[PDB]
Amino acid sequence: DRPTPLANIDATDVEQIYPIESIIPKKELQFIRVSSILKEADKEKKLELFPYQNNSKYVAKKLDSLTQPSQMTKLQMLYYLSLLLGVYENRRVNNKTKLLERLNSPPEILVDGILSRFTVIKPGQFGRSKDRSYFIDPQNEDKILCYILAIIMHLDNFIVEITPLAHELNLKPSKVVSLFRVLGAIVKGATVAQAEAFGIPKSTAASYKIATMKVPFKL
């Protein structure tokens, strides 16, 4: 286990640096069925199909633009991001049965995969007979956050504003910057064009941090 998904250093397109299969293993990915989300026309009903619901509008914002079958991969990633956010916000929960009680019936295999790869399992044969026990330490928190940020990069077309994201995740902007750099993303001041697109003053562009990914990926 490393803090980031496995990067494809030889990617020729930014979407291939952290492909969907590096974020969600193929065996687990086949269980993320999103056809029902695409077919649902009512926004409120579409949202109810997700594995976690909270008081945030974040997943709801990303969802509005995902209406066509060509966007299936991005929708699978958004579904998984919802689940990772659910695990992250409920990180104090220390057992599988108790975790499922906070979620909206995600396929069990996805939860098992998350506990196996993003937590410190509480080992023991007596405990294992009762349920899967674990805790999420600071290194695990960084790993969940790096997988979340890797998905956000796909959903934001590889141009991410630091400040609004930090507010959403309840993190210091410096922490979001640090995690993007662990992912090999480039974090620097907004270019003139980026400032115009994000609706921020042109004079403040250099101080407004943006995370980007570009091919060829860093070595």
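Residue positions are given as counts along the sequence shown, with the first one as 1.
Asks: Averaging only over Cα atoms, indicate whether 62-70 or 176-184 has the higher B-factor in the PDB entry.
Replies: Of 176-184 and 62-70, the stretch with the higher C-alpha B-factor average is 62-70.
Asks: Tell me which stretch, 17-25 or 192-200, has the higher mean Cα B-factor listed in the entry.
Replies: Comparing averages over the C-alpha atoms only gives 192-200.
Asks: Pull the Cα B-factor of residue 90 out of the PDB entry and bin it into the chain's lowest, middle or highest third.
Replies: Within its chain, residue 90 is a lowest-third residue by C-alpha B-factor, going by the deposited values.
Asks: Would the CA B-factor of residue 97 place it in the lowest, middle or highest third of its chain?
Replies: Answer is middle: the recorded C-alpha B-factor places it there.
Asks: Taking the chain's C-alpha temperature factors as the reference, tell me which third residue 31 falls into: lowest, middle or highest.
Replies: Highest third.
Asks: Taking the values exactly as deposited, rank residue 113 by C-alpha B-factor within its chain and report the matching third: lowest, middle or highest.
Replies: Middle third of the chain for residue 113's C-alpha B-factor.
Asks: Please rank the C-alpha B-factors of the chain's modelled residues and tell me whether residue 139 sits in the lowest, middle or highest third.
Replies: Tercile = middle for this residue's CA B-factor.
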